[PDB]
Structures are given as structure tokens and as C-alpha cells.
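The structure appears below as C-alpha cells.
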Amino acid sequence: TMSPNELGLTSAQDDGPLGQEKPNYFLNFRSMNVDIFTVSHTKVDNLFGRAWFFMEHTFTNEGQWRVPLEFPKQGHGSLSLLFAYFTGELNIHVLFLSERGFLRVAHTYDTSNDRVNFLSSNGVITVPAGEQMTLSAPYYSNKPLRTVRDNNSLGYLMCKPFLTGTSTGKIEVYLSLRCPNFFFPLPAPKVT
Amino acid sequence: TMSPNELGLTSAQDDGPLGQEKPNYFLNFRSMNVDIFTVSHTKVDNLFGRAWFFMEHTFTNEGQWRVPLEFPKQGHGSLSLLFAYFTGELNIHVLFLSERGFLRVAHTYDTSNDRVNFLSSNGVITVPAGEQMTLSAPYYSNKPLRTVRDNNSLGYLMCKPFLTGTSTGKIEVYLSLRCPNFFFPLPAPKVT
Amino acid sequence: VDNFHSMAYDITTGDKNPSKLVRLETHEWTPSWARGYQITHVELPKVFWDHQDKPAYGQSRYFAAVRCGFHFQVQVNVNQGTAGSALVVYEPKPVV
Amino acid sequence: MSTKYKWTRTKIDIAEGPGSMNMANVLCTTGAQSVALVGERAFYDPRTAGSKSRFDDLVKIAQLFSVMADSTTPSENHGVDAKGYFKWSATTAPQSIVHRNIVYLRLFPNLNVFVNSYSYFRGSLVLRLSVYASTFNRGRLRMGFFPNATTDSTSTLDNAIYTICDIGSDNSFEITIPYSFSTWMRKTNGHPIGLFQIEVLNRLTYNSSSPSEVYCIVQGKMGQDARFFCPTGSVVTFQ
Amino acid sequence: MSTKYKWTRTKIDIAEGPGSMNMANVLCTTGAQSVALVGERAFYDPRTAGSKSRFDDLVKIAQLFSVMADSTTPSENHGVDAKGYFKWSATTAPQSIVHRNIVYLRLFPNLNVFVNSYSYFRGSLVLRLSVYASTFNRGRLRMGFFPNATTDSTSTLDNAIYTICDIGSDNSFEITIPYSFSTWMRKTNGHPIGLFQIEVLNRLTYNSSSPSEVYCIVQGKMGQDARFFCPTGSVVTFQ
RNA sequence: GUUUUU
RNA sequence: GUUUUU
RNA sequence: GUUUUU
RNA sequence: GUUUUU
């Protein structure tokens, strides 16, 4: 039968270990699970499998653009802030807004600035002007885990455009991840 | 044999329940079914599976465009007005008429305006300038059924364009639905 | 349970009482009225709690949500000499 | 081993109009991409609608009766108009007309919708005349129909598809028109369905306490063999 | 042999919006190209995180208690505010209120995150009141909850979902609210969850060496049947 | 690592 | 030449 | 006409 | 839900 513990009478100091799926009942109540869709939208793989805006850059010349990639404190991706460590594939969505040219894109977790001077070794997929690509950067991280908060939690992204004439433009960036491994959930964030 | 009831002699007050496929005959007449095509054009899935114009928007800048989506009182889609409730997939056809840029598109049934500020979480498929896409929005409705008439019977559509230069244009919209679930047919509409 | 049944009623009488059949409305059709004129109407479902004298009025007070089915019986009596016809129809919120 | 040929990605030719969007074929739209989080489907709830299943075919709606050219007031021209709401009188003589008009699908609320949706159709049409008299009133009324007729003029119905109505307990009378046209399918909004006439056969009798004239209603619906075919543009705008 | 037809590369029609990038469906993103040297996968190391496996479902986090409208100082308005940190007093009379406020998911740190992520949800909510008194203090306190209520006013809880708390060794009391809404799923950040009231049933008793008033904490979490559905935009920015 | 999907 | 991949 | 390839 | 199609 039902114990008084499952009826509401408990002790907060007896909750450890963390993660106790204890059932709560009353005479007219029972945990009822109802699913409205064929799958879950709470699973890390599904939720995060959907991109979210990151930032935009306007380029008037080929100069290279390197930006630290970090988890959002803004979109649905904020749900990541509930975790401390991450590891796994990283989907980067880049849009090249230009009239005539090409955009070199590359990703590295390496903090050294110089390693990115010769962009070709790193990757540098090519998005023709007016096209958008989605490259999935692997976990080539020199650190087993990525503190999820760091201003560079995610590796740096490189964008250099091979323009042809006076043409200029702007590069919008969106980020998403493939199968994410989060660990050791930390306390919920505050609001600004 | 044939009863006088099936020969025309009946009583209007004995029609309930609704939906009586009673056969009507005469000496030289019998219900003859002849099909001219390999399939039906009366089935809800087929008829509505074909789009119809909705509305057009001209944009001179990136400002976002949100428009309530509703059933037509104009095209063949008007046949929906014969029903009261709807539920199912929604096919949205968008044409981006622009010289150089990108068009963010997203759909939500959520009435709150703010939820749409950060468009990325919602969806935001990308149609490059001069391209047209057909996105099928699922029934992410907080209401089990959508009164078919409401000025927002269908969820709201969001369009924000990431233009690059002074370029401007117009976005034409067409709507269609995938497998529609209509219920409780109501009286026929009037004319203007 | 009173084994003598000093109250000869089904034990679940009080429970089912609120589902009991009740008079929701009455109106006098006026002969002059044109076709398509609305004779009378009843707010559904709040009409079953129309007055504090409605069997369902009691419980209806202690709950904010409701999910129910109806069984209407519109009655109209007229001598044989007279004739006419009325349209009794249910109109969901969408129609209304 | 196939190492005499360098390995390569498959090469394919792209047909004309790549990127063209087909908004005519359902087989095309249903295959469109999904903005769903996981390109998933939801569980529909018919119960909230009081139904056990969704509505799959529209033809069934076209098979639902609707008053013809319904009006607030009865025909003020002895029924010679399109109003399917006319009066039958003690005054009208036998062979006198109580109603006459050319019938079109658009004259019916339900059907008029399909008329503004589909371009063609086929099948039989059923009209049901409901005379509302008292239990004392008696008489007969013959309603005929000349399929495909256009001359709106009273004419003997001896050769037309008619139905004689003898007042009793079931005072609703039906008349079926089987599909009649040169073409296999016919314009939804084209040539008339035919001439509809309801002539008096036997004067409506009455007594001291019964009405000398009664009201009549004409409804119309599609037969069990009804079909609609091509969807076309709209000729009117609903509200 | 098929030598009556010249050999040809396959021809295919390209659907609308080729090159369009779908950033909504996961099934789309996971299939994106790989910039990996050999489009390879790495071996993850959970141990360094002290875990034996990664975290797969987020709902479990929504099922973790968090203080409601937590503050540094206890409710200075006799608990009539949103602060889930109030004081119970020897002074307060029975039926007097120690706390009252309208509850929203955003009032909880953990939940507020999901509120800013998902658009809808469903399931029961659990609130746990923890009164920290000494082993000598005794008394009762009834906390009720009117689901979906909006009028923030003290009212008899005899008809509300309540839980009577008798001080003892386990001074943490729970109360479950089963999902209650017209809709199957409900706005994450919409209509209130209901009216939460904690009234005094029996004055907190004490003695010469025990406190005349104690501190209380109210936590909130989702039930085992909790679910979230559509991810929506953000209504606030975290730090 | 069914950690694309069954 | 498993020297595309297993 | 293994005359795309084996 | 054969609720893409058979």
C-alpha cells in the first residue's frame, strides 16, 4: 500500500543521493502520463538539435573573422546553462550575404591565434555568395570536457571571404549541436 | 422490394440522427456511380492538399512580419467553412521576391507576441533570395482543436528578411494543409 | 445503509440528482413572426445552473471546469386545427 | 576489384525548372519539409469535438439538404420566383401554378459552396418539398421537372419527371433528377439543371378551424452517386 | 539487351527552395556535413565529470525543487507577497494567513528556465513547505491551493486542495496539483497555476528556551508526469 | 554509442 | 590495391 | 551491340 | 493513423 512518505510527509535532509523519482499520491490523484506528440521535446538531442541565432558580422573586405563560440543565455539554448560540462558534435549554420564571392569557414578549439592564419589546414568549407551551409564541427578539443559557460565554451569560428570587386556584405551565424553530452547539472541562472 | 419511403414519401421530422444515406428510386432510375478519374477530388486530404493564395507583403527593410493565418472565404479552400473544428499539419508556401538576401520564416500557434522576438527557437527556415520554400508546420497548438473560422484559426506566420544593401521586395504567401481533420459540419456560409 | 429503506430511493439518487431532467426555458411563439425568426434560446451549459433551484446548481458552484453531454427535449403543443413548423437546432460557440 | 576505376560520387541530371514549386498536386505538398522539432506527428482528439472520427469526404456535405433561394417572406409572385418558400392556397385553381423557376446548383447554400470550388460534377439531384398544413387539410399537388430546360414558362408536366403529393402524415415529398447532359461531367456553374414546376392538382381543402392556405419549403441535395471533379477559381466571396 | 536505348545518367526534379536551410528539425541538422578529417566520431569521457553517463532528458531538471521567489529577507508583509521565504509566528491567530500569492512557473528558478524555452506544457506540480523549528515547537498549518485561481484574496480552503502540517521530526510538507486546464497542454508563461495560501490552523506553541516564531521555505518542482512541448522565443535574458 | 531512424 | 567505407 | 561498367 | 502511395 501507500506509505505516509509518498503522501507528502517527508524530510528535506534525506533527499540525497540526487535524483529521487518518488511518486506522490492522494485518494483522487495518480501520476498520469499523457503524450501529445509521437516524441519528446525534452530530450537533449531533440531540443538542442534545433539551431538558434548567435551573432552577425558585416564585412567590407576579406579580413578574417574569428569569434569565440559560447552557449546562449538568450534562446531555448539557455537550457544548457543548467549544466556544467559539455562534449559532442557542434552544428554551425552560416549564411553568406554577398553579391559575388566565396566564404571560407573553419572551426578549431585551439586557443592559439596563429594556428588559424593558414586557414586551409583547419577546414575552410566554401559557401558561394548567396548560399548558406551547415557544417558539423567534431569535438577536436584538447580538453575532455567543455565548461558550458566559458566565453569560449565552444571552439572558435573562422570566416574569411574571398571577395572579387568592391562588393561587401554581412555574415549571419546560427548554432546548434548534434548529440550533446551534458554533465553535473548546476543551479538555475539569474535574470538581468 | 422497395418501400414507399425510398420512393419519395418521407417525413422531414424523422431525419435524425444526422447522416442518412437512404437510396431513392423510380422504375427507370437507380443510383449509378461513374468515375471519370482514378481518384476522388472530394476527399478532404486531396482537395485541401492543393494550396491557394493567402496574402502578400512588401518589405523595404528587415522588420519582422507576423500575420494571423486563417481559412479562406475566397478560394476552393472555402469548403472548410462548412466545418467548425480543424487539426493537423499545415503546409505554408512562401515566395521570396528579392534581389540579394535571405528570408527567415517561422510558425507558431502561440498568441503571445514576445515569444516570436527570438525567431530562431521557433524554426526560421531560410529561403535564399529568389527562392521559394514549402514548410509544413506541425500542430503545435495549445488548443486541441482550432475553430475553423477564427481570424487566427491557423497559427501566426513570421517573416523577417536579412537584407544586405538597399535592396527591397515583396513576399507572396500561399497556404495548403497535409491531412486535415475537420469535425462537426456547420451551416453553409452566406455571400457578400 | 438503512436495511429498512425508510427512504425508498436508489442509494445513488443524490449523486445522479444533478444530471436530472429540468425545464431550461419556456416561450410563447407569436403568430406574426416571420420565417427564420428566433423563438427562444438557452445559454449552454450555464443554463443548467440558471437558478439556485436547479438540481445541478449546488455542485456547479464548487467547480470551475465542466465536461458534459446533453439530452434536450423541446416541447411544442398545438391543436390539430392549427399548423406550422419550428427548427430546433444546437449551435456550438463557433456557430453562435 | 573495382579499383581500376577511381571511386566517385554519383552524378545526376537535374530536370527542368529545379526549385519550381508545385501547388497543384497533393502528392507534392504532403512531401514538403517539416519545421517540426523532430518531424513528428501529433495525436488528434476527436472526442473534444464530440466525434469518433474525422470527416474524410466532402461529397457527403453536398448530400445535405438546403433551402432553395431561401427568403424571410414567401413568394409574393404566386411562386413564379426562385424562392423555395412559397404558399399553397385554397384560392389557387387546379393546373394553376404555385411555384415555377429554373434550377441551378448555386440556388442551394451547401451546393453553392461546391459551385464556387469545383468546376464540374455529375450525379442525380434530389429535391424535397415539405408542405406544412394541419391534420384537417387535404389535397394533391404535382411537381415535375424538365431536365436541362431553360424557357421559364408554365407547361404540362405529363411528359416531365413528376411526383404527385397527397397530403397526409408525412408531408415531405421527394423528386430525383438523374444526371442528364451531353457531357460525362457537367459545369458546376453552367447550364441550368432544368425547369422546376409545382402545379396544383386538387385545391387545398379546409374547414372552419383549419387554414385556407399553407407554407411550403423546397430543399435540395446531391444523390448517392454525386461527384465533383475539377476545382476551379471562385465566382463569389463568402463571409 | 537494353542497347535499344542509349545509356544515361538519372534525371531528377529538384523540389522547391533547393538550398534552403532547415534550422527547426533535428533530423535535418544531424545529417549536416562534417568538417572532420574523416567524418569521424570521438570517444567521450564521463568519468572526468564524475558521471557514468550523459544527461539525456531535460524534464528531470524541471523535476528538481527550487525556492519560489526566493529573497534574502523573509516576507515583510505577513507573507502576502510572492516570497517563498516567510515567517510563522506565535503571534498569528488561527485562520490568519502566513502566506498567500498567485503561483506562476516563472516564480521558480529551474522552471523559469523552461518557461523561457518551451511555449507549452502539462503535468502535476509539487510544492514542498519546509518549516524550520526547534524540537519543542508544536502546531499545525494548513496550506491549500485553488487551481487556476486569479483573485489574490484570503479564502476558506475547505474546498481547495490542502495539506495540514503537524510539526514533528519531518517538518517538510508536500502538496501536489494535478494538471488542470481546459487545454491538453498549457502555456508555459500564461495563466496562473492557481492561488497558493498557507493559513494558520493552530498557533505555533513554544516555551522558555524555544523560539516564538520560525522560518519557512517553499520549493516547487514538476511531477513525474511533467512534460514540455513547444520551444518558443525568450521572454527574458539570463546571466 | 539504438549517440539518425525502427 | 580493403588504395572510399565494413 | 559487354556498343556504360563487371 | 493505409493519416504518402499499393
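By order of appearance in the C-alpha cells: chains A, B, ..., then residues from 1 within every chain, and ligands from 1 in the order shown.
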
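Using only C-alpha atoms (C1' of nucleotides), the residues found no farther than 10 Å from residue 161 (chain D), other than those of its own chain fewer than 2 positions away, are residues 143, 144, 145, 146, 147, 157, 158, 159, 163, 175, 176, 177, 178 and 196 of chain D.
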
Within 12 Å of residue 6 (chain H), counting only C-alpha atoms (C1' of nucleotides), which residues qualify if same-chain residues fewer than 2 places away don't, as a VMD selection string?
-> (chain D and resid 1 to 5) or (chain H and resid 2 4)

Give me, as a list in words, the contact residues of chain A against chain F at a cut-off of 9 Å, counting only C-alpha atoms (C1' of nucleotides).
-> residues 45, 179 and 180 of chain A

Could you write out the selected residues, including C-alpha atoms, as a PDB file, in the first residue's frame?
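Final output, saved to again.pdb:
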```
ATOM      1  CA  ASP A  45      19.293  15.505 -28.562  1.00  0.00           C
ATOM      2  CA  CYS A 179      24.073  14.764 -29.892  1.00  0.00           C
ATOM      3  CA  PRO A 180      25.141  16.609 -26.813  1.00  0.00           C
TER       4      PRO A 180
END
```

Out of chain B, which residues get strand (DSSP E or B) from DSSP, as a ChimeraX atom specification?
-> /B:9-10,26,29,43,52-59,65-69,85-86,88-97,102-108,125-128,132-137,146-147,154-161,169-180,183,191

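Proximity of D:27, D:39, D:120, D:14 to chain F, computed with only C-alpha atoms (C1' of nucleotides), is greatest for D:39.
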
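Contact shell of region 43-53 of chain E at 12 Å (only C-alpha atoms (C1' of nucleotides); same-chain neighbours under 6 positions omitted): residues 83, 84, 85, 86, 87, 88, 89, 138, 139, 140, 141, 143, 144, 145, 146, 147, 179, 180, 181, 182, 183, 184 and 185 of chain A; 1 and 3 of chain F.
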
Each residue of chain B with at least one atom at most 6 Å from chain D should appear once, together with its nearest atom pair and the corresponding distance in Å (one decimal); atoms considered: only C-alpha atoms; ordering: chain, then increasing residue number; output as CSV.
```
residue,atom,partner,partner_atom,distance
B:8,CA,D:174,CA,4.3
B:9,CA,D:173,CA,5.5
B:10,CA,D:170,CA,5.6
B:11,CA,D:170,CA,4.6
B:31,CA,D:225,CA,5.8
B:32,CA,D:225,CA,5.9
B:33,CA,D:225,CA,4.9
B:41,CA,D:229,CA,5.7
B:42,CA,D:58,CA,5.2
B:43,CA,D:57,CA,4.2
B:44,CA,D:56,CA,5.3
B:46,CA,D:26,CA,6.0
B:49,CA,D:26,CA,4.4
B:50,CA,D:24,CA,5.0
B:51,CA,D:23,CA,5.3
B:73,CA,D:238,CA,5.2
B:74,CA,D:237,CA,5.3
B:75,CA,D:234,CA,5.7
B:76,CA,D:117,CA,4.3
B:134,CA,D:32,CA,5.9
B:135,CA,D:33,CA,5.4
B:136,CA,D:34,CA,4.7
B:137,CA,D:35,CA,5.4
B:138,CA,D:36,CA,5.8
B:178,CA,D:30,CA,5.2
B:181,CA,D:54,CA,5.1
B:182,CA,D:55,CA,5.4
B:183,CA,D:54,CA,5.8
B:188,CA,D:110,CA,5.2
B:190,CA,D:238,CA,5.5
B:191,CA,D:238,CA,4.3
B:192,CA,D:238,CA,5.8
```
